Amino acid sequence: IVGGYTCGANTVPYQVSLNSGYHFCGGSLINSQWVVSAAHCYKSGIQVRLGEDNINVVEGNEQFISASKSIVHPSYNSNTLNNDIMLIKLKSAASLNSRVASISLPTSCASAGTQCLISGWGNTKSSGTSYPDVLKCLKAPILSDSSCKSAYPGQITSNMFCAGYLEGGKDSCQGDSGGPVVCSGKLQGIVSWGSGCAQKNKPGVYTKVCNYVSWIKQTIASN
Ligand SMILES: [Ca+2]
């Protein structure tokens, strides 16, 4: 997250870190057994880390649970990142508590102009590299479809939305991928892509979770 703020420990209790020997993506806990993340975060061998604040210090509220199954969306296209969504099943259910909690799936799609909370352990620099240890947060508005398409001509599908600031300075970034965009208390987006981070006229692009709720619900009823 570039241009964000330190969330505060366990104030985003649905945020997970995906670990394959190191943090590599975020995710969102949607019930005690299942995480939503980006399909481009697929790796074999994933351990889900819940209750994290500093990802490099065991502070006492973590739950580390191996994935048993990962399910990339059936129509995921890694070239365009259309349908950039994946489900991860935990080997055992998390213990839900004040620091480890699920986020609701949406009923309706969020609106342009709504301010959402984006979070993660990704790079904090637009130019260059610096990865924080503690979780970072950013409030960013959903942009109109027209603005999004103008920013990325020929690249935005109905399964994507833009959020952020066209002047630059504030955005998600590498290492935030797969993490949550929460608007009106529901999971409306997944950190997916963007041209650089926080550059002028190049807002973040996020997977439109409201289009996936029936797939998520039938998949978790079946696995
Ligand atoms: Ca920790």
# chains A, B, ... in the order shown; residues from 1 in each chain; ligands from 1
call {"tool": "select_by_dssp", "arguments": {"residues": "stretch 86-154 of chain A", "states": "helix (DSSP H, G or I)", "output": "VMD selection string"}}
result
chain A and resid 145 to 151
call {"tool": "closest_atom_pairs", "arguments": {"of": "chain A", "to": "ligand 1", "cutoff": "9 Å", "atoms": "only C-alpha atoms and all ligand atoms", "output": "Markdown table"}}
result
| residue | atom | partner | partner_atom_place_in_ligand_line | distance |
| --- | --- | --- | --- | --- |
| A:49 | CA | ligand 1 | 1 (Ca) | 8.4 |
| A:50 | CA | ligand 1 | 1 (Ca) | 8.8 |
| A:51 | CA | ligand 1 | 1 (Ca) | 7.5 |
| A:52 | CA | ligand 1 | 1 (Ca) | 4.7 |
| A:53 | CA | ligand 1 | 1 (Ca) | 5.4 |
| A:54 | CA | ligand 1 | 1 (Ca) | 4.4 |
| A:55 | CA | ligand 1 | 1 (Ca) | 4.3 |
| A:56 | CA | ligand 1 | 1 (Ca) | 5.7 |
| A:57 | CA | ligand 1 | 1 (Ca) | 4.5 |
| A:58 | CA | ligand 1 | 1 (Ca) | 4.1 |
| A:59 | CA | ligand 1 | 1 (Ca) | 5.1 |
| A:60 | CA | ligand 1 | 1 (Ca) | 7.3 |
| A:61 | CA | ligand 1 | 1 (Ca) | 7.6 |
| A:62 | CA | ligand 1 | 1 (Ca) | 6.2 |
| A:133 | CA | ligand 1 | 1 (Ca) | 8.7 |
| A:134 | CA | ligand 1 | 1 (Ca) | 8.4 |
call {"tool": "write_last_selection", "arguments": {"atoms": "C-alpha atoms", "output": "CSV table (one decimal), in the first residue's frame"}}
result
chain,number,residue,atom,x,y,z
A,49,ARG,CA,-1.8,-16.8,8.4
A,50,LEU,CA,-4.7,-15.2,10.3
A,51,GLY,CA,-4.6,-12.8,13.2
A,52,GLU,CA,-1.4,-11.1,11.8
A,53,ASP,CA,-0.2,-7.7,12.4
A,54,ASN,CA,3.6,-7.8,12.1
A,55,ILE,CA,4.2,-10.7,9.6
A,56,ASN,CA,7.8,-11.1,10.8
A,57,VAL,CA,7.1,-11.3,14.6
A,58,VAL,CA,5.0,-14.0,16.3
A,59,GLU,CA,2.9,-11.6,18.5
A,60,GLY,CA,0.4,-14.1,20.0
A,61,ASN,CA,-2.9,-13.8,18.2
A,62,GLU,CA,-1.9,-15.6,15.0
A,133,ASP,CA,6.1,-5.6,8.4
A,134,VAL,CA,2.9,-4.3,9.9
call {"tool": "select_by_dssp", "arguments": {"residues": "stretch 2-202 of chain A", "states": "strand (DSSP E)", "output": "number ranges by chain"}}
result
A: 5-6, 15-19, 23-31, 34-37, 47-50, 63-72, 86-90, 115-120, 136-141, 160-163, 180-183, 186-193
call {"tool": "write_last_selection", "arguments": {"atoms": "C-alpha atoms", "output": "mmCIF file, in the first residue's frame"}}
result
data_model
loop_
_atom_site.group_PDB
_atom_site.id
_atom_site.type_symbol
_atom_site.label_atom_id
_atom_site.label_comp_id
_atom_site.auth_asym_id
_atom_site.auth_seq_id
_atom_site.Cartn_x
_atom_site.Cartn_y
_atom_site.Cartn_z
ATOM 1 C CA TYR A 5 -1.447 4.353 7.118
ATOM 2 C CA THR A 6 -0.636 1.748 9.704
ATOM 3 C CA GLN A 15 -7.221 -9.840 6.422
ATOM 4 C CA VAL A 16 -5.005 -12.929 5.893
ATOM 5 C CA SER A 17 -1.460 -13.320 4.690
ATOM 6 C CA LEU A 18 -0.687 -16.131 2.308
ATOM 7 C CA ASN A 19 2.707 -17.651 3.034
ATOM 8 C CA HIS A 23 4.392 -13.526 2.632
ATOM 9 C CA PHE A 24 3.386 -13.314 -0.991
ATOM 10 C CA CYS A 25 -0.281 -12.155 -1.207
ATOM 11 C CA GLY A 26 -3.256 -11.162 0.892
ATOM 12 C CA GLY A 27 -6.682 -12.746 1.177
ATOM 13 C CA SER A 28 -9.975 -12.341 3.023
ATOM 14 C CA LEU A 29 -11.484 -14.757 5.453
ATOM 15 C CA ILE A 30 -15.178 -15.290 4.389
ATOM 16 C CA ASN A 31 -16.000 -18.022 6.965
ATOM 17 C CA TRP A 34 -12.521 -20.414 3.382
ATOM 18 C CA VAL A 35 -10.404 -17.531 2.083
ATOM 19 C CA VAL A 36 -11.006 -15.452 -0.996
ATOM 20 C CA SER A 37 -7.886 -14.255 -2.859
ATOM 21 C CA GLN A 47 -0.153 -21.629 4.548
ATOM 22 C CA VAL A 48 -2.857 -19.167 5.566
ATOM 23 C CA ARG A 49 -1.849 -16.814 8.383
ATOM 24 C CA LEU A 50 -4.714 -15.199 10.265
ATOM 25 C CA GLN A 63 -3.482 -18.834 13.616
ATOM 26 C CA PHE A 64 -1.357 -20.598 11.007
ATOM 27 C CA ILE A 65 -3.406 -23.112 9.012
ATOM 28 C CA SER A 66 -2.257 -24.974 5.872
ATOM 29 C CA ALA A 67 -4.484 -24.823 2.803
ATOM 30 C CA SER A 68 -6.007 -28.143 1.849
ATOM 31 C CA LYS A 69 -7.447 -27.025 -1.522
ATOM 32 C CA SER A 70 -7.195 -24.066 -3.797
ATOM 33 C CA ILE A 71 -9.846 -23.421 -6.579
ATOM 34 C CA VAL A 72 -8.976 -20.815 -9.227
ATOM 35 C CA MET A 86 -9.576 -17.928 -6.172
ATOM 36 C CA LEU A 87 -10.928 -19.776 -3.140
ATOM 37 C CA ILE A 88 -8.632 -21.401 -0.597
ATOM 38 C CA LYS A 89 -9.971 -24.018 1.832
ATOM 39 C CA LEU A 90 -8.251 -24.337 5.184
ATOM 40 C CA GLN A 115 -14.974 4.953 -0.159
ATOM 41 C CA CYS A 116 -13.530 1.490 0.564
ATOM 42 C CA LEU A 117 -10.796 0.165 2.864
ATOM 43 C CA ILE A 118 -7.907 -1.624 1.078
ATOM 44 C CA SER A 119 -5.230 -3.313 3.133
ATOM 45 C CA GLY A 120 -2.062 -5.366 2.859
ATOM 46 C CA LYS A 136 -1.129 -1.005 6.036
ATOM 47 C CA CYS A 137 -4.486 0.477 5.165
ATOM 48 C CA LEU A 138 -5.823 2.918 2.575
ATOM 49 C CA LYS A 139 -9.226 4.462 2.020
ATOM 50 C CA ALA A 140 -9.875 4.848 -1.697
ATOM 51 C CA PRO A 141 -13.030 5.626 -3.718
ATOM 52 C CA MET A 160 -13.164 -5.280 -12.816
ATOM 53 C CA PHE A 161 -13.471 -1.870 -11.218
ATOM 54 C CA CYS A 162 -10.988 0.904 -10.533
ATOM 55 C CA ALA A 163 -10.463 2.541 -7.202
ATOM 56 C CA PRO A 180 -9.559 -7.069 0.438
ATOM 57 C CA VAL A 181 -11.353 -4.020 -0.796
ATOM 58 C CA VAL A 182 -14.213 -3.540 1.751
ATOM 59 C CA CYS A 183 -16.991 -1.104 1.087
ATOM 60 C CA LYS A 186 -18.718 -6.110 2.653
ATOM 61 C CA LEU A 187 -16.021 -7.611 0.448
ATOM 62 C CA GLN A 188 -16.481 -5.816 -2.857
ATOM 63 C CA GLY A 189 -13.034 -6.118 -4.399
ATOM 64 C CA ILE A 190 -9.781 -8.100 -4.557
ATOM 65 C CA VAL A 191 -6.465 -6.396 -5.187
ATOM 66 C CA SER A 192 -5.723 -7.462 -8.779
ATOM 67 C CA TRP A 193 -3.546 -5.158 -10.922
#
call {"tool": "closest_residue", "arguments": {"among": "A:122, A:8, A:21, A:204", "to": "residue A:168", "atoms": "only C-alpha atoms"}}
result
A:204
call {"tool": "residues_around", "arguments": {"residues": "residue A:2", "least_positions_apart": "2", "cutoff": "9 Å", "atoms": "only C-alpha atoms", "output": "number ranges by chain"}}
result
A: 4-5, 122-126, 136, 138, 169-173, 197-198
call {"tool": "residues_around", "arguments": {"residues": "residue A:93", "least_positions_apart": "2", "cutoff": "7 Å", "atoms": "only C-alpha atoms", "output": "number ranges by chain"}}
result
A: 32-33, 90-91, 95
call {"tool": "residues_around", "arguments": {"residues": "residue A:143", "least_positions_apart": "3", "cutoff": "9 Å", "atoms": "only C-alpha atoms", "output": "PyMOL selection string"}}
result
chain A and resi 111-114+146-148+161-165+203
call {"tool": "atom_distance", "arguments": {"atom1": "atom CA of residue A:101", "atom2": "atom CA of residue A:159"}}
result
26.2 Å
call {"tool": "atom_distance", "arguments": {"atom1": "atom CA of residue A:206", "atom2": "atom CA of residue A:20"}}
result
23.3 Å
call {"tool": "residues_around", "arguments": {"residues": "residue A:215", "least_positions_apart": "3", "cutoff": "12 Å", "atoms": "only C-alpha atoms", "output": "list in words"}}
result
residues 36, 71, 72, 73, 74, 75, 83, 85, 86, 87, 105, 209, 210, 211, 212, 218, 219, 220, 221 and 222 of chain A
call {"tool": "residues_around", "arguments": {"residues": "residue A:151", "least_positions_apart": "2", "cutoff": "10 Å", "atoms": "only C-alpha atoms", "output": "VMD selection string"}}
result
chain A and resid 145 to 149 153 to 156 162 166 194 to 195 200 to 203
call {"tool": "atom_distance", "arguments": {"atom1": "atom CA of residue A:39", "atom2": "atom CA of residue A:167"}}
result
28.8 Å
call {"tool": "closest_residue", "arguments": {"among": "A:179, A:3, A:196, A:13", "to": "residue A:99", "atoms": "only C-alpha atoms"}}
result
A:13
